[PDB]
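Enquirer: sharing an experimental structure here, sequence included.
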Amino acid sequence: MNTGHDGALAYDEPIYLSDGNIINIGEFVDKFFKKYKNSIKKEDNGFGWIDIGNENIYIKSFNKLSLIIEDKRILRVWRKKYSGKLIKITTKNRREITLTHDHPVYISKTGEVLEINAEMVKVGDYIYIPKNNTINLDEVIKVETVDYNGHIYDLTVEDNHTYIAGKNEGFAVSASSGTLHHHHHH
């Protein structure tokens, strides 16, 4: 069990459906929490998740296995409350996102995809981003934060452990389920 890890996104990060709905992650989740009120499970750690694999809805995902853009369907979602400073890593293409400092994201190591914390991804690291069908690099330019005090939200995209989320068109980053890739089923 690490100190860092275990992320989430701000309420007003887009999530880019396979249909392009450009909806707030927090509204997306909360719709389910407001219909499936009965289905609001809490964790022992007092979190709050719901399965939405029953909506079957498709998100624009990507597959790490070839850095390809495909669909998937989400299986569960999460919500927590947060107040603090979130990292606002911009890139030249006016991308940006609103996430934790210990948030797993990807960078170039000179041609290799490597996996690090967002707080290390400054104006001297190349933060991996999606393109059309493909993956590209863009330069981190502006390095600052926001103050945020609302709620935060996360997923269960267990399927390839990768999703799109963020602002503009978004970032191809890690997804998970329980913890640093455990999967305890059968």
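Expert: Structure's in. What do you need? Numbers count the residues shown, from 1 in each chain.
Enquirer: and the strands in the protein?
Expert: 9-10, 49-51, 58-63, 68-73, 76-80, 84-87, 104-109, 112-117, 126-130, 135-139, 145-148, 152-156, 162-165, 171-174 (DSSP state E).
Enquirer: what helices or strands is the last one leaning on?
Expert: The reference is to strand 171-174. Of the remaining helices and strands, those touching strand 171-174 by 3 or more CB pairs under 8 Å, 6 or more residues apart in numbering; DSSP states H and E are strand 104-109, strand 126-130, strand 162-165. Just so you know, the C-beta spots here come from the backbone N, C-alpha and C atoms, and that holds for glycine as well.
Enquirer: for the last one, give me every contacting residue.
Expert: Applying CB atoms under 8 Å, 6 or more residues apart in numbering, the contact partners of strand 162-165 are 9, 13-16, 25, 59-64, 97, 130, 155, 157, 170-175.
Enquirer: repeat the analysis, applying 7 Å as the threshold.
Expert: Outside strand 162-165, the residues that touch it by CB atoms under 7 Å, 6 or more residues apart in numbering are 9, 13, 15-16, 25, 59-64, 130, 155, 157, 170-175.
Enquirer: give me the buried entries from those.
Expert: 9, 13, 15-16, 25, 59-62, 64, 130, 155, 157, 170-175 (16 or more other CB atoms under 10 Å).
Enquirer: show me the residue at the heart of the chain, geometrically.
Expert: Here the mean C-alpha position of the chain is nearest to the C-alpha of residue 165 (CA atoms, centre = their mean), at a distance of 4.9 Å.
Enquirer: partner residues bridging that residue?
Expert: Counting by DSSP bridges, residue 165 forms beta bridges with residue 171.
Enquirer: gap between it and residue 98?
Expert: Shown here: residue 165 relative to residue 98, a distance of 10 Å by CB to CB, to the nearest Å.
Enquirer: overlap of the contact sets of the two?
Expert: When contacts are counted by CB under 7 Å, 6+ apart, the set common to residue 165 and residue 98 consists of 9, 13.
Enquirer: including distance to residue 146, could the helices and strands packed on strand 171-174 go into CSV?
Expert: Compiled in CSV, these are given as follows (distance: least, CB to CB, whole Å):
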stretch, distance to residue 146
strand 104-109, 17
strand 126-130, 17
strand 162-165, 16
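Enquirer: out of these, the one nearest residue 138 is which?
Expert: Closest to residue 138 of those is strand 126-130 (CB to CB; 5.1 Å).
Enquirer: what sits up against that closest one?
Expert: So strand 126-130 is contacted by 62, 69, 89, 91, 95, 105-108, 113, 121, 135-140, 164, 169, 171-172 (CB under 7 Å, 6+ apart).
Enquirer: pull the distance from it to the chain's centre.
Expert: The chain centre lies 14 Å from the centre of strand 126-130; the measure is CA atoms, centre = their mean, to the nearest Å.
Enquirer: output that strand as PDB - backbone C-alpha positions only.
Expert: Included here for strand 126-130 are C-alpha records, laid out as PDB according to Å, rounded to 0.1, in the frame of the first residue of the first chain:
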ATOM      1  CA  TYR A 126       7.200  15.600 -22.700                       C
ATOM      2  CA  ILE A 127       3.700  14.500 -21.500                       C
ATOM      3  CA  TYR A 128       2.300  11.900 -23.800                       C
ATOM      4  CA  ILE A 129      -1.000  12.900 -25.500                       C
ATOM      5  CA  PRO A 130      -3.500  11.300 -27.900                       C
END
